[PDB]
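Encoded as structure tokens, the structure appears first; notes follow it.
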């Protein structure tokens, strides 16, 4: 399924993911497109920072959900 | 019309605004009520940072809409 | 710091959406 990741610079990234993918899996997919290391990425959804070890499903992230990305 | 402006600290203030008010006008009303100068305010609605030069109606901000305020 | 401000901006954007 597709989700969106929006930056404060105005970019909208798309990722193909599964509900069981982990946050680090997501950050690696961002790295693959943007070159930003996962440890420089803060992902936000529903007013919460997303944590390593958890899945998208843990946060109720569903099809065409939008995450926000800020860089360290 | 009344709108609400909330911060991440949980405070919610009420403002009287018009559909044709510009974002900079709304920031001037926040300054009038809370004393926060406009260059310290970032206003957010429906996943966008509101841009000066546009009106509330341009963003489909309606009666009793809630905007988020982040202070810089 | 800019980082803290950006985190707050992202939290608010995210909240305002969903």
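If you're wondering, the header gives X-ray crystallography, 1.7 Å.
Placed from the backbone N, Cα and C atoms, the Cβ positions cover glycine too.
Copied over from Swiss-Prot:
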type: CROSSLNK; residues: A:6; note: ubiquitin cross-link
type: CROSSLNK; residues: A:11; note: ubiquitin cross-link
type: CROSSLNK; residues: A:27; note: ubiquitin cross-link
type: CROSSLNK; residues: A:29; note: ubiquitin cross-link
type: CROSSLNK; residues: A:33; note: ubiquitin cross-link
type: CROSSLNK; residues: A:48; note: ubiquitin cross-link
type: SITE; residues: A:54; note: site 'Interacts with activating enzyme'
type: CROSSLNK; residues: A:63; note: ubiquitin cross-link
type: MOD_RES; residues: A:65; note: phosphoserine
type: SITE; residues: A:68; note: site 'Essential for function'
type: SITE; residues: A:72; note: site 'Interacts with activating enzyme'
Residue A:29 (ubiquitin cross-link): tally of other CB atoms within 10 A of its CB:
19
Measure from the Cα of residue A:54 (site 'Interacts with activating enzyme') to the Cα of every one of the recorded positions A:6, A:27, A:29, A:65, then give the nearest.
A:27
Name, in order along the sequence, the recorded positions among A:27, A:29, A:54, A:68, A:72 with a Cβ closer than 8 Å to any chain C Cβ.
A:68, A:72
Spatially, which candidate from the recorded positions A:29, A:48, A:65, A:72 is nearest to residue A:6 (ubiquitin cross-link), comparing Cα atoms?
A:65
Rounded to a whole angstrom, what is the C-alpha distance between residue A:48 (ubiquitin cross-link) and residue A:27 (ubiquitin cross-link)?
16
Between residue A:27 (ubiquitin cross-link) and residue A:33 (ubiquitin cross-link), the C-alpha gap once rounded to whole angstrom:
10
Three-class DSSP secondary structure - residue A:54 (site 'Interacts with activating enzyme'):
coil
